[PDB]
Each structure stands twice: as C-alpha cells, then as structure tokens.
Amino acid sequence: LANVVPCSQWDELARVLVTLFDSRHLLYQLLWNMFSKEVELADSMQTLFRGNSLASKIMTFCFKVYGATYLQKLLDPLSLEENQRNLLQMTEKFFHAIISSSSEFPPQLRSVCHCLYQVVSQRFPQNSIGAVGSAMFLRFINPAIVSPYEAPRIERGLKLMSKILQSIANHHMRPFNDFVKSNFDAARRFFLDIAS
C-alpha cells in the first residue's frame, strides 16, 4: 500500500495502519516492519526519518494521538547578561520533571520506543537512543514548549531554553553552555528507562 497510493492522500493510510493494528495485538510487531526501510538509507545517524515520506508521517501521528493523556500531568505545571540568572530557573524546573517522567511512562507507549531501540541497535550498536531521544525531543517537547494550547516575553524565554533542550540531547547563547555540561550524560539514564 505504501508505494502505490498517490502521496496526495497519505493521511488516510497513516491513520489506519496505526489505528487498526494497535488493537489487533500486532501493535508491538507492527512497527518492527515498516521502520526497517528508512534505516538502510540511513543518511548517517543524524537524518533518519527526515522528510515528507511514509515513515515519519506515521510516527508524527502515533505519538500525536497517544500523547493526549500524557501531557495532562506533564504540562499541568506552568546583551542577555542582566537577564541570565533568571533564565536557568525555568530550565531547572522543567528538566527534572522531564527526567522523572520516565517513571510515569505508560507501558503501552513503552513498546513503541522499545521497537525502535531494538531495531536500530540491530544495525547501530553505538548509542541507538541518542537519535531517538533527540527526535522525540524535537518532535514532542521542543515544539510543544511554546504551544498556546496546553499550560509576548514568556514565549521568547521558552523558545530560548528550547535551544538548550535541543543542545543538551544533541551533545550570545554560547556562554550559556555552562549548564549544558552539568547533565551531559544524566539524560541518557532517563532515555534508557523506556528502551530498557
């Protein structure tokens, strides 16, 4: 079905292939299959699933439907030299919530990342979660930071710290890297909890 349907209507297929086999007990086994094709192309271990094709459209929909109940508790809380001390408090207030959100991760969403981790590790012995972590950030946390949907200077402040969030997982803003090296590898312990 993937390569025969015109791209003008891929939304229906992206919806159905996920929303059907999830309930028919193939959900775990399902993602092991179509996610293989984007791996062989690779384009280094940095540009996986990048583009408008039928491997990230399904990914951008699975966590979009499944993430409705997850953000209920996570998003419940709510010359750049003078304004430098006050900046770190929001990042400190949110980073530990992100780290501890691994405990609250549902088992149903654990399998989605477990599949990706095992499939990537089958071919990528190194890390295999750094790209996964960076992608889940830039897809679900970093863009959702400035979202006016769930809880004009607050937007700018949150957008700025989104860059730090990107940089820490990715391994005037340059001096602000002092806090980046504070938890360079602490995030990987939170990363591996789901993929364990």
# chains A, B, ... in the order shown; residues from 1 in each chain; ligands from 1
>>> residues_around(residues="residue 16 in chain A", least_positions_apart="4", cutoff="12 Å", atoms="only C-alpha atoms", output="count of residues only")
12
>>> closest_atom_pairs(of="range 88-125 of chain A", to="range 157-167 of chain A", cutoff="9 Å", atoms="only C-alpha atoms", output="Markdown table")
| residue | atom | partner | partner_atom | distance |
| --- | --- | --- | --- | --- |
| A:88 | CA | A:161 | CA | 8.5 |
| A:90 | CA | A:161 | CA | 8.2 |
| A:91 | CA | A:161 | CA | 6.6 |
| A:95 | CA | A:165 | CA | 8.5 |
>>> residues_around(residues="range 32-48 of chain A", least_positions_apart="3", cutoff="8 Å", atoms="only C-alpha atoms", output="mmCIF file with N, CA, C and O atoms, in the first residue's frame")
data_model
loop_
_atom_site.group_PDB
_atom_site.id
_atom_site.type_symbol
_atom_site.label_atom_id
_atom_site.label_comp_id
_atom_site.auth_asym_id
_atom_site.auth_seq_id
_atom_site.Cartn_x
_atom_site.Cartn_y
_atom_site.Cartn_z
ATOM 1 N N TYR A 28 2.848 -4.227 18.749
ATOM 2 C CA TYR A 28 4.268 -4.412 19.023
ATOM 3 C C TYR A 28 4.999 -4.895 17.780
ATOM 4 O O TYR A 28 6.022 -4.327 17.386
ATOM 5 N N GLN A 29 4.467 -5.931 17.130
ATOM 6 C CA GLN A 29 5.137 -6.498 15.967
ATOM 7 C C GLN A 29 5.026 -5.589 14.750
ATOM 8 O O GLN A 29 5.844 -5.689 13.829
ATOM 9 N N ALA A 55 7.193 7.219 6.520
ATOM 10 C CA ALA A 55 7.830 6.648 7.700
ATOM 11 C C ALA A 55 7.851 7.592 8.888
ATOM 12 O O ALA A 55 7.926 7.115 10.028
ATOM 13 N N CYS A 115 10.544 -0.986 20.307
ATOM 14 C CA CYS A 115 10.719 -1.442 18.934
ATOM 15 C C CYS A 115 11.813 -0.659 18.222
ATOM 16 O O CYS A 115 12.711 -1.246 17.607
ATOM 17 N N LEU A 116 11.747 0.673 18.285
ATOM 18 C CA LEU A 116 12.741 1.487 17.596
ATOM 19 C C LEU A 116 14.132 1.228 18.149
ATOM 20 O O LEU A 116 15.096 1.093 17.387
ATOM 21 N N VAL A 119 15.354 -2.295 16.994
ATOM 22 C CA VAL A 119 15.584 -2.331 15.551
ATOM 23 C C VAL A 119 16.845 -1.556 15.193
ATOM 24 O O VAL A 119 17.680 -2.024 14.409
ATOM 25 N N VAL A 120 17.007 -0.363 15.767
ATOM 26 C CA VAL A 120 18.190 0.439 15.482
ATOM 27 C C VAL A 120 19.443 -0.244 16.020
ATOM 28 O O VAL A 120 20.477 -0.288 15.343
ATOM 29 N N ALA A 131 19.858 9.464 18.838
ATOM 30 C CA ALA A 131 18.983 9.949 17.781
ATOM 31 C C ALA A 131 17.519 9.809 18.169
ATOM 32 O O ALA A 131 16.721 10.707 17.887
#
>>> closest_residue(among="A:108, A:170, A:69, A:83", to="residue 185 in chain A", atoms="only C-alpha atoms")
A:170
>>> select_by_dssp(residues="range 1-185 of chain A", states="helix (DSSP H, G or I)", output="PyMOL selection string")
chain A and resi 7-21+27-41+44-46+59-66+71-74+82-84+87-100+107-123+130-141+153-170+175-178+180-183
>>> closest_residue(among="A:79, A:142, A:9, A:101", to="residue 169 in chain A", atoms="only C-alpha atoms")
A:142
>>> decode(residues="range 90-103 of chain A", atoms="N, CA, C and O atoms", output="PDB file, in the first residue's frame")
ATOM      1  N   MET A  90      13.616  28.259  35.006  1.00  0.00           N
ATOM      2  CA  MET A  90      12.616  27.509  34.250  1.00  0.00           C
ATOM      3  C   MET A  90      13.193  26.199  33.727  1.00  0.00           C
ATOM      4  O   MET A  90      12.543  25.147  33.803  1.00  0.00           O
ATOM      5  N   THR A  91      14.420  26.244  33.202  1.00  0.00           N
ATOM      6  CA  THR A  91      15.061  25.027  32.720  1.00  0.00           C
ATOM      7  C   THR A  91      15.261  24.028  33.852  1.00  0.00           C
ATOM      8  O   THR A  91      15.063  22.823  33.668  1.00  0.00           O
ATOM      9  N   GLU A  92      15.637  24.513  35.036  1.00  0.00           N
ATOM     10  CA  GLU A  92      15.796  23.634  36.189  1.00  0.00           C
ATOM     11  C   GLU A  92      14.459  23.054  36.631  1.00  0.00           C
ATOM     12  O   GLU A  92      14.379  21.882  37.019  1.00  0.00           O
ATOM     13  N   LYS A  93      13.399  23.861  36.580  1.00  0.00           N
ATOM     14  CA  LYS A  93      12.074  23.416  36.987  1.00  0.00           C
ATOM     15  C   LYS A  93      11.492  22.383  36.034  1.00  0.00           C
ATOM     16  O   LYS A  93      10.687  21.549  36.458  1.00  0.00           O
ATOM     17  N   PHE A  94      11.870  22.430  34.757  1.00  0.00           N
ATOM     18  CA  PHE A  94      11.328  21.504  33.775  1.00  0.00           C
ATOM     19  C   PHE A  94      12.204  20.293  33.491  1.00  0.00           C
ATOM     20  O   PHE A  94      11.665  19.228  33.164  1.00  0.00           O
ATOM     21  N   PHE A  95      13.528  20.414  33.613  1.00  0.00           N
ATOM     22  CA  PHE A  95      14.404  19.292  33.293  1.00  0.00           C
ATOM     23  C   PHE A  95      14.167  18.116  34.226  1.00  0.00           C
ATOM     24  O   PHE A  95      14.134  16.965  33.780  1.00  0.00           O
ATOM     25  N   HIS A  96      14.022  18.375  35.527  1.00  0.00           N
ATOM     26  CA  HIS A  96      13.838  17.263  36.454  1.00  0.00           C
ATOM     27  C   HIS A  96      12.464  16.633  36.296  1.00  0.00           C
ATOM     28  O   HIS A  96      12.315  15.423  36.492  1.00  0.00           O
ATOM     29  N   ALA A  97      11.456  17.427  35.930  1.00  0.00           N
ATOM     30  CA  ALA A  97      10.164  16.849  35.580  1.00  0.00           C
ATOM     31  C   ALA A  97      10.291  15.932  34.370  1.00  0.00           C
ATOM     32  O   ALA A  97       9.718  14.836  34.345  1.00  0.00           O
ATOM     33  N   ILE A  98      11.058  16.356  33.364  1.00  0.00           N
ATOM     34  CA  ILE A  98      11.288  15.508  32.198  1.00  0.00           C
ATOM     35  C   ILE A  98      12.012  14.226  32.600  1.00  0.00           C
ATOM     36  O   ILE A  98      11.669  13.131  32.137  1.00  0.00           O
ATOM     37  N   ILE A  99      13.021  14.343  33.465  1.00  0.00           N
ATOM     38  CA  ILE A  99      13.790  13.176  33.894  1.00  0.00           C
ATOM     39  C   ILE A  99      12.902  12.194  34.648  1.00  0.00           C
ATOM     40  O   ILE A  99      12.954  10.982  34.414  1.00  0.00           O
ATOM     41  N   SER A 100      12.072  12.699  35.558  1.00  0.00           N
ATOM     42  CA  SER A 100      11.204  11.852  36.363  1.00  0.00           C
ATOM     43  C   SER A 100       9.966  11.379  35.613  1.00  0.00           C
ATOM     44  O   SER A 100       9.255  10.506  36.120  1.00  0.00           O
ATOM     45  N   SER A 101       9.688  11.931  34.430  1.00  0.00           N
ATOM     46  CA  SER A 101       8.553  11.463  33.643  1.00  0.00           C
ATOM     47  C   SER A 101       8.741  10.042  33.126  1.00  0.00           C
ATOM     48  O   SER A 101       7.773   9.441  32.645  1.00  0.00           O
ATOM     49  N   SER A 102       9.958   9.495  33.201  1.00  0.00           N
ATOM     50  CA  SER A 102      10.167   8.100  32.826  1.00  0.00           C
ATOM     51  C   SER A 102       9.408   7.152  33.743  1.00  0.00           C
ATOM     52  O   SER A 102       8.943   6.098  33.294  1.00  0.00           O
ATOM     53  N   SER A 103       9.290   7.496  35.026  1.00  0.00           N
ATOM     54  CA  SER A 103       8.529   6.666  35.952  1.00  0.00           C
ATOM     55  C   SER A 103       7.058   6.613  35.564  1.00  0.00           C
ATOM     56  O   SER A 103       6.415   5.564  35.678  1.00  0.00           O
TER      57      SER A 103
END
